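Written out below as structure tokens is the structure these notes cover.
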Amino acid sequence: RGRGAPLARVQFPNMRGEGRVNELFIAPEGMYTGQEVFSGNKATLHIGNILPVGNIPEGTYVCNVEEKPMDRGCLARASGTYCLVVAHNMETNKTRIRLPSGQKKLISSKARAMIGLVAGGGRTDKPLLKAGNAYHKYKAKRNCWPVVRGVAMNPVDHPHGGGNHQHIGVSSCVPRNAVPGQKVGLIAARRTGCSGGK
Amino acid sequence: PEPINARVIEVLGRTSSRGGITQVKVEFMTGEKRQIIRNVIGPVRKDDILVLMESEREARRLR
Amino acid sequence: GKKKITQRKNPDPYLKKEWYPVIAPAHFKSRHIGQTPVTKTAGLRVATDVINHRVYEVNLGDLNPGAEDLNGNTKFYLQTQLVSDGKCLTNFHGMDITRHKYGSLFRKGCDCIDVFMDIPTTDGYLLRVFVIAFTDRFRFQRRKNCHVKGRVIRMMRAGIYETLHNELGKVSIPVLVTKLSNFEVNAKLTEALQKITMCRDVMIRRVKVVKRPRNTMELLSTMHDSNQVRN
Amino acid sequence: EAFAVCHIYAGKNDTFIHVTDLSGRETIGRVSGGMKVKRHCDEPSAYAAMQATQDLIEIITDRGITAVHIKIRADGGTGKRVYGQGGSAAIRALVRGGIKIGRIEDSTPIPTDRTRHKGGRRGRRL
Amino acid sequence: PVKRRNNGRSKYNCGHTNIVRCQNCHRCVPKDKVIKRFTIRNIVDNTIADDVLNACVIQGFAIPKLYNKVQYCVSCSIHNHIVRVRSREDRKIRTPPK
Amino acid sequence: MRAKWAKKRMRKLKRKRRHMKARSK
RNA sequence: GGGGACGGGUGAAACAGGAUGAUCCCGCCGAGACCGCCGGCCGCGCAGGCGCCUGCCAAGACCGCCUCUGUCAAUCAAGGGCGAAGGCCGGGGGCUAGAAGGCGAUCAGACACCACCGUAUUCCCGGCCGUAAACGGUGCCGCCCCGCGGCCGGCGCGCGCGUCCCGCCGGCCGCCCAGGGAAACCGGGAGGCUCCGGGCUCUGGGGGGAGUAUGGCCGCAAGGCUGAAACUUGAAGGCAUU
């Protein structure tokens, strides 16, 4: 309901019983009804297979990576996102991955990942177009819409509050150690403004 | 280092665009007797002995 | 003795700087590379562990003395791996020709065939071997230019790759250093290319260690530690 | 014979005669033209290079470097590729002082392919 | 009128050549319209050549040669005298002087 | 390059003349 | 990590860089661009253009030919596709250089040249734009034409036998006999033309005004394309000689 990315129900055999176990996963693009996915150390390198990232070669696009061993997956889970296997440090049994934000993190080689980009990519390209479409999307997620600017509000309601000319009146940049009511502007901004570079 | 005297072996020519510099190849009168080329001001001729202040510095050949 | 502070006074930074002998692999006739100065063990920097992986460029003319007409324009890079008995045992890090040699091979009128083959050694090292080959004028010929037609270039490029595979396919780092020191492999590639067309200056210009295994102490005993094994 | 490598940076703007111990990790002494000259344009000059060495040589002889391998370089990279006037003097000043030369080599940094050099397509229209 | 048949560049069977930078002036000139002079000078000065050899401990050492190709633009070449304004007849002479 | 600078001046003036017509009509 | 005091930059400087250890040396790593020397009177492509390695995919001219077809052709309004760079619109990416901007000089002034920092841009993908001194300032297809050389590709002939030699065909070129031209020059044409006619398309008609105005079409825009008149003036221009 609340996720743009599609979710796939993959049925596995029960290994502690005679039944079958149903597991819901984030769907990597290319998962089809009837695809035989494999989970494990000896799983082959095919999209939708889950293997430890030390086995996974470098340059591979993976998703739902485990931040720590046996975490059940915490990393690239949003639509179209992917992590990249960057390097393997055999001596430390640690694998560097490039997170979707372009940050690089060292994870355990044991930590497992599902091969493939997560589906639903290009979801953000279409303009919402109408306030309506935002209403529909936010209903599925939580009450965070519509957003009222604090300059519009009274001085009691918000720090930016309200004067005669609708202005912040003090720097929007607020410190990192600001208290819960005070932290309303740009938090610990290392720099501000629209400028080219990086 | 005291200056070392050197005798002119060949007067190479007149330089400085005003001719006042004279280019001369000078062989150290005493010592290793290296033949270096040094700029000179004034009237100079073959076998003229002039004390070189450093001698480790030489002008561009025939320039 | 090539040392200073070990036995004598020096300037203030070098007052605490002892010197350690560096020794090349057994294949080379001149084992002594030289002395390396390291500051004495201060706190967390053991002097021996500071000179643990230092790579020195030594001319093959220096490493193997004798005629410089042959071997005088090649340099081997030897990286210290272990420091034993206050001496730095060294292995292989790369081989290259000198800049003077590289610019001498090039001439107008000729065709340059330069290709790289990544050859894994049995020792667990991945080596990128760069070989440069130049087409030469025929014995007689009418035209001044020594340029070849495509069929010839394709055969030369293929024969370079094919002969490297036979020469250095099952090579090991000790065997490879011997093959580089006496240029057998360079001669073999020259012979094959000569059959295709008149060729000149066909030799491995540079070899590089792309991936090196760790714990290469067994490799040091075969090479630097013992001469009898490398025969 | 004790041997070091004396990198000679012969470039426009300044000359650096710097001696390092083979590996290049450790320096047995470093000198520049601008450390021996007061005029900025005389920094790349033969006199400063001859003054800078003979002062370098004193430090390295104290440190016991009897002989040196020369590795002269130009500004190199995307520009220059020719040595400055000081570069010749530095080798001559090392030879005269009693440093035995070993291998002279060209260490100019040279590009297999290059990033656009400074100056514009029209160039330095001085 | 048209001073030169080649148009000042050697472009034949071509619509576009590579771009070279004049070393002194740092300008962009086509490869065909460039001075292209290749020079092999010994690494050391010929005045200091013999004394380097005497100093050199290595026996049989040969002084390194420096191999470089100096490419310049017409303005950054006529002013350095690498090429000279020639007479209309002398301009036609394609043979290198000396 | 007076002829190129002449066409730069002309384009700038025709742009302005378009703006005045945009203010009207 | 080492070492110690000035580095940068210039024509000479200066502004930034440095005991928070700069410059320099060496190891190592990340990022993106780019492919040197070879590299050219080399080649390919319809032009614009095209150079890392290793594959994959589809081409094209040329040559050879006792293969097939049988005029299927030439040139082309409208129409279709392509088109350097810069620009623009979405995504990215961001090493260098660097329109703008800021500085330090210069100078009488200098918001120019030169130094320095640096945004768009440069690079990729999906599009727009539709222009260049897009030049060989030389449309295309066809015929004949004078020698003398160079290179490239294919093929044939002798000959010991060589990346020979002599041809042939296609291409790229240099010199040039006539011939042409106002001459420079062209001569593989700008020859065979006041002794004027092979076919086809396009453009010009003194110099401005003016590629302006207005109308149309096209593009998101920048702009493109089509394109005046009133009015002004006696030269404008080419090539050569001094």
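So you can find residues: chains in the structure tokens are A, B, ... in the order shown, residues in each start at 1, and ligands are numbered from 1 in order.
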
*If we count only C-alpha atoms, which residues of chain D reach to within 9 Å of chain B? Please list them as a count of residues only.*
5

Sorted by chain and rising residue number, list the residues of chain E at most 10 Å from chain C (counting only C-alpha atoms), each with its closest atom pair and distance in Å to one decimal, as CSV.
residue,atom,partner,partner_atom,distance
E:38,CA,C:108,CA,10.0
E:40,CA,C:104,CA,9.2
E:42,CA,C:100,CA,9.8
E:43,CA,C:100,CA,9.2
E:58,CA,C:62,CA,8.3
E:59,CA,C:68,CA,8.1
E:60,CA,C:68,CA,6.0
E:61,CA,C:68,CA,6.9
E:62,CA,C:68,CA,8.7
E:63,CA,C:100,CA,9.4
E:64,CA,C:100,CA,5.7
E:65,CA,C:100,CA,5.9
E:66,CA,C:100,CA,6.6
E:67,CA,C:103,CA,5.7
E:68,CA,C:103,CA,8.2

Atoms to include: N, CA and C atoms. Write the selected residues as a tab-separated table (two decimals), in the first residue's frame.
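Ended up saving to again.tsv:
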chain	number	residue	atom	x	y	z
E	38	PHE	N	61.27	17.42	-34.56
E	38	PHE	CA	61.64	16.41	-33.54
E	38	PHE	C	63.11	16.59	-33.17
E	40	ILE	N	66.58	15.43	-30.91
E	40	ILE	CA	67.28	14.46	-30.02
E	40	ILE	C	68.49	15.21	-29.46
E	42	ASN	N	71.33	15.50	-26.13
E	42	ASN	CA	71.79	14.66	-24.99
E	42	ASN	C	71.25	15.28	-23.69
E	43	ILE	N	70.99	14.44	-22.68
E	43	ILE	CA	70.35	14.92	-21.42
E	43	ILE	C	71.15	16.07	-20.81
E	58	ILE	N	79.77	4.16	-13.12
E	58	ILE	CA	79.41	3.01	-13.99
E	58	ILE	C	80.34	3.01	-15.21
E	59	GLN	N	80.99	1.88	-15.48
E	59	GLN	CA	81.83	1.78	-16.71
E	59	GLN	C	80.90	1.48	-17.89
E	60	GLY	N	81.23	1.98	-19.08
E	60	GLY	CA	80.42	1.66	-20.27
E	60	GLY	C	79.08	2.37	-20.25
E	61	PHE	N	78.93	3.36	-19.36
E	61	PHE	CA	77.67	4.14	-19.30
E	61	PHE	C	77.57	5.03	-20.54
E	62	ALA	N	76.38	5.13	-21.12
E	62	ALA	CA	76.18	6.03	-22.28
E	62	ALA	C	75.26	7.17	-21.85
E	63	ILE	N	75.61	8.42	-22.18
E	63	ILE	CA	74.79	9.56	-21.69
E	63	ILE	C	73.40	9.45	-22.32
E	64	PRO	N	72.31	9.52	-21.52
E	64	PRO	CA	70.96	9.47	-22.05
E	64	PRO	C	70.67	10.56	-23.09
E	65	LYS	N	69.91	10.22	-24.13
E	65	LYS	CA	69.50	11.26	-25.11
E	65	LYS	C	68.07	11.67	-24.78
E	66	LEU	N	67.74	12.94	-24.99
E	66	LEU	CA	66.34	13.39	-24.76
E	66	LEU	C	65.64	13.48	-26.11
E	67	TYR	N	64.54	12.76	-26.28
E	67	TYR	CA	63.80	12.74	-27.56
E	67	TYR	C	62.47	13.48	-27.34
E	68	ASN	N	62.27	14.61	-28.02
E	68	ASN	CA	61.03	15.41	-27.85
E	68	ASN	C	60.57	15.94	-29.21

_Residue neighbourhood segment 67-78 of chain A, 7 Å, only C-alpha atoms (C1' of nucleotides), exclusion window fewer than 3 positions, as number ranges by chain_ = A: 5, 26, 63-64, 81-83, 100, 107-108, 110-111, 118

As a PDB file with C-alpha atoms, in the first residue's frame, please: every residue in chain B that a backbone DSSP assignment puts in strand (DSSP E).
ATOM      1  CA  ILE B   4      92.038  32.244  -9.900  1.00  0.00           C
ATOM      2  CA  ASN B   5      93.916  33.828 -12.874  1.00  0.00           C
ATOM      3  CA  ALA B   6      93.181  32.488 -16.408  1.00  0.00           C
ATOM      4  CA  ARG B   7      94.991  33.194 -19.750  1.00  0.00           C
ATOM      5  CA  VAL B   8      93.020  33.899 -22.994  1.00  0.00           C
ATOM      6  CA  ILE B   9      93.387  31.055 -25.566  1.00  0.00           C
ATOM      7  CA  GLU B  10      90.968  32.460 -28.209  1.00  0.00           C
ATOM      8  CA  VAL B  11      89.172  35.853 -28.341  1.00  0.00           C
ATOM      9  CA  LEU B  12      85.736  34.504 -29.442  1.00  0.00           C
ATOM     10  CA  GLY B  13      84.061  37.864 -30.267  1.00  0.00           C
ATOM     11  CA  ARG B  14      82.214  41.119 -29.326  1.00  0.00           C
ATOM     12  CA  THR B  15      78.813  40.837 -27.484  1.00  0.00           C
ATOM     13  CA  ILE B  21      81.404  42.629 -23.722  1.00  0.00           C
ATOM     14  CA  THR B  22      84.243  40.560 -25.242  1.00  0.00           C
ATOM     15  CA  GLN B  23      83.782  36.755 -25.328  1.00  0.00           C
ATOM     16  CA  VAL B  24      87.109  34.962 -24.607  1.00  0.00           C
ATOM     17  CA  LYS B  25      87.959  31.301 -23.926  1.00  0.00           C
ATOM     18  CA  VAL B  26      90.167  31.331 -20.793  1.00  0.00           C
ATOM     19  CA  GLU B  27      92.228  28.302 -19.616  1.00  0.00           C
ATOM     20  CA  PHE B  28      92.971  28.426 -15.858  1.00  0.00           C
ATOM     21  CA  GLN B  35      89.186  25.916 -20.573  1.00  0.00           C
ATOM     22  CA  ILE B  36      85.980  27.891 -19.705  1.00  0.00           C
ATOM     23  CA  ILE B  37      84.493  30.829 -21.704  1.00  0.00           C
ATOM     24  CA  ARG B  38      84.016  34.157 -19.808  1.00  0.00           C
ATOM     25  CA  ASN B  39      82.643  37.635 -20.739  1.00  0.00           C
ATOM     26  CA  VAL B  40      85.233  40.492 -20.449  1.00  0.00           C
ATOM     27  CA  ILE B  41      84.931  44.344 -20.426  1.00  0.00           C
ATOM     28  CA  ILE B  49      95.810  36.930 -17.638  1.00  0.00           C
ATOM     29  CA  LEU B  50      92.655  38.000 -15.690  1.00  0.00           C
ATOM     30  CA  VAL B  51      91.659  36.855 -12.158  1.00  0.00           C
ATOM     31  CA  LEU B  52      88.278  35.005 -12.336  1.00  0.00           C
TER      32      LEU B  52
END

*asked:* Need to verify the contact set: segment 84-86 of chain G, 10 Å, only C-alpha atoms (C1' of nucleotides), exclusion of same-chain residues closer than 2 positions in sequence. Can you return it as a VMD selection string?
replied: (chain E and resid 16) or (chain G and resid 48 to 49 99 121 131 to 132 134)

How about saving the chosen residues, N, CA and C atoms (P, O5', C5', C4', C3', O3' and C1' of nucleotides) kept, as a PDB file, in the first residue's frame?
ATOM      1  N   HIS E  16      38.674  17.067 -41.370  1.00  0.00           N
ATOM      2  CA  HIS E  16      39.031  17.527 -40.005  1.00  0.00           C
ATOM      3  C   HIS E  16      40.216  16.717 -39.475  1.00  0.00           C
TER       4      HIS E  16
ATOM      5  P     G G  48      33.551  17.512 -43.911  1.00  0.00           P
ATOM      6  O5'   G G  48      32.774  17.878 -42.553  1.00  0.00           O
ATOM      7  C5'   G G  48      32.008  19.102 -42.496  1.00  0.00           C
ATOM      8  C4'   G G  48      31.017  19.000 -41.365  1.00  0.00           C
ATOM      9  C3'   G G  48      31.585  18.522 -40.028  1.00  0.00           C
ATOM     10  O3'   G G  48      32.309  19.483 -39.258  1.00  0.00           O
ATOM     11  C1'   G G  48      29.669  17.271 -40.525  1.00  0.00           C
ATOM     12  P     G G  49      33.881  19.258 -38.871  1.00  0.00           P
ATOM     13  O5'   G G  49      34.039  17.670 -38.664  1.00  0.00           O
ATOM     14  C5'   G G  49      34.140  17.131 -37.321  1.00  0.00           C
ATOM     15  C4'   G G  49      33.632  15.712 -37.345  1.00  0.00           C
ATOM     16  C3'   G G  49      34.623  14.625 -36.911  1.00  0.00           C
ATOM     17  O3'   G G  49      34.611  14.358 -35.515  1.00  0.00           O
ATOM     18  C1'   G G  49      33.697  14.048 -39.003  1.00  0.00           C
ATOM     19  P     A G  99      37.241  32.487 -18.925  1.00  0.00           P
ATOM     20  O5'   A G  99      35.753  33.031 -18.744  1.00  0.00           O
ATOM     21  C5'   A G  99      34.597  32.207 -18.990  1.00  0.00           C
ATOM     22  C4'   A G  99      34.016  32.520 -20.345  1.00  0.00           C
ATOM     23  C3'   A G  99      33.359  33.886 -20.478  1.00  0.00           C
ATOM     24  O3'   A G  99      34.265  34.991 -20.604  1.00  0.00           O
ATOM     25  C1'   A G  99      32.039  32.234 -21.553  1.00  0.00           C
ATOM     26  P     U G 121      25.753  23.112 -17.382  1.00  0.00           P
ATOM     27  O5'   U G 121      26.761  23.161 -18.612  1.00  0.00           O
ATOM     28  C5'   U G 121      26.405  23.760 -19.868  1.00  0.00           C
ATOM     29  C4'   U G 121      27.661  24.134 -20.609  1.00  0.00           C
ATOM     30  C3'   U G 121      28.549  22.967 -20.992  1.00  0.00           C
ATOM     31  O3'   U G 121      28.173  22.394 -22.234  1.00  0.00           O
ATOM     32  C1'   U G 121      29.863  24.648 -19.976  1.00  0.00           C
ATOM     33  P     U G 131      20.697  26.385 -41.112  1.00  0.00           P
ATOM     34  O5'   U G 131      21.760  27.566 -41.042  1.00  0.00           O
ATOM     35  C5'   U G 131      21.655  28.590 -40.040  1.00  0.00           C
ATOM     36  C4'   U G 131      22.886  28.597 -39.172  1.00  0.00           C
ATOM     37  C3'   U G 131      24.203  28.675 -39.925  1.00  0.00           C
ATOM     38  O3'   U G 131      24.622  30.025 -40.067  1.00  0.00           O
ATOM     39  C1'   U G 131      24.302  27.185 -38.033  1.00  0.00           C
ATOM     40  P     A G 132      25.463  30.562 -41.363  1.00  0.00           P
ATOM     41  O5'   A G 132      26.979  30.385 -40.911  1.00  0.00           O
ATOM     42  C5'   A G 132      27.764  29.266 -41.349  1.00  0.00           C
ATOM     43  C4'   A G 132      29.134  29.337 -40.727  1.00  0.00           C
ATOM     44  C3'   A G 132      30.265  28.747 -41.560  1.00  0.00           C
ATOM     45  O3'   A G 132      30.819  29.753 -42.401  1.00  0.00           O
ATOM     46  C1'   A G 132      30.333  27.845 -39.370  1.00  0.00           C
ATOM     47  P     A G 134      34.585  26.978 -42.582  1.00  0.00           P
ATOM     48  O5'   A G 134      33.053  26.800 -42.983  1.00  0.00           O
ATOM     49  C5'   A G 134      32.662  26.228 -44.239  1.00  0.00           C
ATOM     50  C4'   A G 134      32.072  24.860 -44.009  1.00  0.00           C
ATOM     51  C3'   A G 134      31.247  24.297 -45.157  1.00  0.00           C
ATOM     52  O3'   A G 134      32.070  23.701 -46.147  1.00  0.00           O
ATOM     53  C1'   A G 134      30.137  23.928 -43.088  1.00  0.00           C
TER      54        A G 134
END

10 Å contacts from chain C to chain G using only C-alpha atoms (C1' of nucleotides), as a short mmCIF file (atom, residue, chain, number, x, y, z; two decimals) with N, CA, C and O atoms, in the first residue's frame:
data_model
loop_
_atom_site.label_atom_id
_atom_site.label_comp_id
_atom_site.auth_asym_id
_atom_site.auth_seq_id
_atom_site.Cartn_x
_atom_site.Cartn_y
_atom_site.Cartn_z
N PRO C 13 67.68 15.83 12.35
CA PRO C 13 66.75 14.77 11.97
C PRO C 13 67.47 13.43 11.82
O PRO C 13 66.91 12.41 12.19
N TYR C 14 68.70 13.46 11.29
CA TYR C 14 69.42 12.19 11.02
C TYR C 14 70.17 11.69 12.26
O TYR C 14 70.70 10.59 12.16
N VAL C 38 66.53 4.59 8.32
CA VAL C 38 65.21 4.62 9.01
C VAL C 38 65.42 5.20 10.41
O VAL C 38 66.44 4.88 11.03
N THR C 39 64.47 5.99 10.90
CA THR C 39 64.58 6.50 12.28
C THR C 39 64.49 5.31 13.23
O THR C 39 63.77 4.35 12.91
N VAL C 50 59.00 -0.11 9.63
CA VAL C 50 58.86 1.06 8.72
C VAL C 50 59.42 0.69 7.34
O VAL C 50 58.74 0.98 6.34
N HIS C 53 57.84 -2.47 3.27
CA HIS C 53 57.52 -2.55 1.82
C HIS C 53 58.05 -1.32 1.09
O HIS C 53 57.24 -0.47 0.70
N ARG C 54 59.37 -1.23 0.93
CA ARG C 54 59.98 -0.11 0.17
C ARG C 54 60.42 -0.65 -1.20
O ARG C 54 61.09 -1.69 -1.21
N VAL C 55 60.07 0.02 -2.30
CA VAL C 55 60.41 -0.54 -3.64
C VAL C 55 61.54 0.29 -4.25
O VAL C 55 61.46 1.54 -4.21
N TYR C 102 62.86 4.06 -24.47
CA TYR C 102 61.50 4.16 -25.07
C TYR C 102 61.50 5.13 -26.24
O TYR C 102 60.89 4.80 -27.28
N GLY C 103 62.16 6.29 -26.10
CA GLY C 103 62.12 7.33 -27.14
C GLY C 103 63.02 6.97 -28.30
O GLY C 103 62.93 7.63 -29.35
N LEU C 105 63.27 3.83 -29.60
CA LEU C 105 62.55 2.83 -30.43
C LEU C 105 61.67 3.55 -31.45
O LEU C 105 61.58 3.06 -32.58
N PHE C 106 61.02 4.65 -31.05
CA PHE C 106 60.07 5.34 -31.96
C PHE C 106 60.78 6.03 -33.12
O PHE C 106 61.80 6.69 -32.87
N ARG C 107 60.27 5.87 -34.34
CA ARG C 107 60.83 6.59 -35.52
C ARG C 107 59.68 6.85 -36.49
O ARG C 107 58.69 6.11 -36.45
N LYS C 108 59.78 7.90 -37.31
CA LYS C 108 58.73 8.17 -38.32
C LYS C 108 58.83 7.15 -39.45
O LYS C 108 59.95 6.71 -39.75
N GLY C 109 57.70 6.72 -40.03
CA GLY C 109 57.78 5.83 -41.19
C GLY C 109 57.44 4.41 -40.79
O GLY C 109 57.11 3.62 -41.68
N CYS C 110 57.49 4.11 -39.50
CA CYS C 110 57.30 2.71 -39.04
C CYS C 110 55.93 2.50 -38.40
O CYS C 110 55.27 3.51 -38.09
N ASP C 111 55.54 1.24 -38.21
CA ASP C 111 54.27 0.92 -37.51
C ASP C 111 54.58 0.38 -36.11
O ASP C 111 55.43 -0.52 -36.00
N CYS C 112 53.93 0.93 -35.09
CA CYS C 112 54.16 0.49 -33.69
C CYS C 112 53.04 -0.46 -33.25
O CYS C 112 51.88 -0.04 -33.27
N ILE C 113 53.37 -1.71 -32.91
CA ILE C 113 52.34 -2.63 -32.36
C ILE C 113 52.63 -2.78 -30.87
O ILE C 113 53.65 -3.39 -30.52
N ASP C 114 51.77 -2.22 -30.02
CA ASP C 114 51.95 -2.33 -28.55
C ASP C 114 50.70 -2.95 -27.93
O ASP C 114 49.61 -2.41 -28.15
N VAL C 115 50.87 -4.07 -27.21
CA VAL C 115 49.69 -4.78 -26.63
C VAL C 115 50.00 -5.26 -25.21
O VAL C 115 51.20 -5.44 -24.91
N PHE C 116 48.97 -5.46 -24.39
CA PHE C 116 49.16 -5.92 -22.99
C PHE C 116 48.48 -7.27 -22.78
O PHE C 116 47.35 -7.45 -23.27
N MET C 117 49.15 -8.20 -22.11
CA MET C 117 48.49 -9.49 -21.79
C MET C 117 48.54 -9.67 -20.27
O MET C 117 49.64 -9.58 -19.71
N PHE C 134 58.14 -2.90 -33.36
CA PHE C 134 58.17 -1.88 -34.44
C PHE C 134 58.47 -2.54 -35.78
O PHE C 134 59.37 -3.37 -35.85
N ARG C 137 62.07 -1.64 -42.22
CA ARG C 137 62.17 -1.71 -43.70
C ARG C 137 62.71 -3.06 -44.16
O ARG C 137 63.52 -3.65 -43.42
N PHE C 138 62.34 -3.49 -45.37
CA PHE C 138 62.85 -4.79 -45.89
C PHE C 138 64.35 -4.69 -46.21
O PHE C 138 64.92 -3.58 -46.17
N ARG C 139 64.94 -5.81 -46.63
CA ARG C 139 66.39 -5.82 -46.94
C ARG C 139 66.64 -4.87 -48.11
O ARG C 139 67.63 -4.12 -48.07
N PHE C 140 65.76 -4.91 -49.11
CA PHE C 140 65.87 -4.02 -50.29
C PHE C 140 64.71 -3.04 -50.24
O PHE C 140 64.89 -2.04 -49.52
N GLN C 141 63.63 -3.27 -51.01
CA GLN C 141 62.39 -2.44 -50.96
C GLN C 141 62.55 -1.20 -51.85
O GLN C 141 63.70 -0.75 -52.03
N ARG C 142 61.46 -0.67 -52.39
CA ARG C 142 61.55 0.59 -53.18
C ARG C 142 61.08 1.76 -52.31
O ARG C 142 61.77 2.79 -52.29
N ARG C 143 59.97 1.58 -51.59
CA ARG C 143 59.38 2.70 -50.81
C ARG C 143 60.18 2.97 -49.53
O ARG C 143 60.73 2.01 -48.97
N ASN C 145 58.88 4.23 -46.62
CA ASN C 145 58.07 3.89 -45.42
C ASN C 145 58.10 2.39 -45.11
O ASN C 145 58.15 1.59 -46.06
N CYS C 146 58.04 2.04 -43.82
CA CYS C 146 58.10 0.63 -43.38
C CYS C 146 56.72 0.20 -42.88
O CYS C 146 56.66 -0.70 -42.04
N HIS C 147 55.64 0.83 -43.37
CA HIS C 147 54.29 0.53 -42.83
C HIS C 147 53.79 -0.79 -43.41
O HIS C 147 54.13 -1.09 -44.57
N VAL C 148 53.00 -1.55 -42.64
CA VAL C 148 52.55 -2.90 -43.10
C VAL C 148 51.05 -2.84 -43.40
O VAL C 148 50.41 -1.84 -43.04
N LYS C 149 50.52 -3.90 -44.02
CA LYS C 149 49.07 -3.93 -44.35
C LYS C 149 48.35 -4.62 -43.20
O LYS C 149 49.03 -5.26 -42.39
N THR C 197 57.05 -10.62 -40.71
CA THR C 197 57.59 -9.49 -41.51
C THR C 197 58.90 -8.99 -40.90
O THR C 197 59.20 -9.39 -39.77
N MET C 198 59.65 -8.13 -41.60
CA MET C 198 60.85 -7.54 -40.97
C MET C 198 60.39 -6.73 -39.75
O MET C 198 59.53 -5.85 -39.93
#

*So what do you get for atom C1' of residue 87 of chain G versus atom CA of residue 4 of chain F, distance-wise?*
17.1 Å

_Nearby residues (only C-alpha atoms (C1' of nucleotides)) at most 9 Å from segment 64-78 of chain D, same-chain spacing under 2 positions excluded, as a ChimeraX atom specification_ = /C:2-4,10 /D:1-12,17,19,21-22,28,57,59-62,80-84,87,91,94,98-111,114-118 /E:43,57

*asked:* Among segment 7-195 of chain A, which ones does DSSP assign to helix (DSSP H, G or I) (computed from the backbone)? Answer as JSON, numbers by chain.
replied: {"A": [131, 132, 133, 134, 135, 136, 137, 138, 139, 140, 141]}

With the cut-off set at 12 Å and counting only C-alpha atoms (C1' of nucleotides), tabulate each residue of chain F with an atom at most that distance from an atom of chain G, showing the nearest atom pair and its distance in Å to one decimal, ordered by chain and increasing number, as CSV.
residue,atom,partner,partner_atom,distance
F:6,CA,G:211,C1',11.9
F:7,CA,G:211,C1',9.8
F:8,CA,G:223,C1',11.9
F:10,CA,G:212,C1',8.8
F:11,CA,G:223,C1',9.1
F:12,CA,G:222,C1',11.1
F:13,CA,G:212,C1',10.7
F:14,CA,G:212,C1',9.2
F:15,CA,G:223,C1',10.0
F:17,CA,G:213,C1',11.0

*Excluding residue 171 of chain G and any residue of its chain fewer than 5 positions from it, enumerate the residues within 10 Å of it, using only C-alpha atoms (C1' of nucleotides), and give them as a PyMOL selection string.*
(chain E and resi 13) or (chain G and resi 62+152-153)

*Specify as an MDAnalysis selection string all residues of chain E found within 10 Å of chain D, counting only C-alpha atoms.*
chainID E and resid 19:29 43:45 47:49 51:59 61:66 68:70 73 76
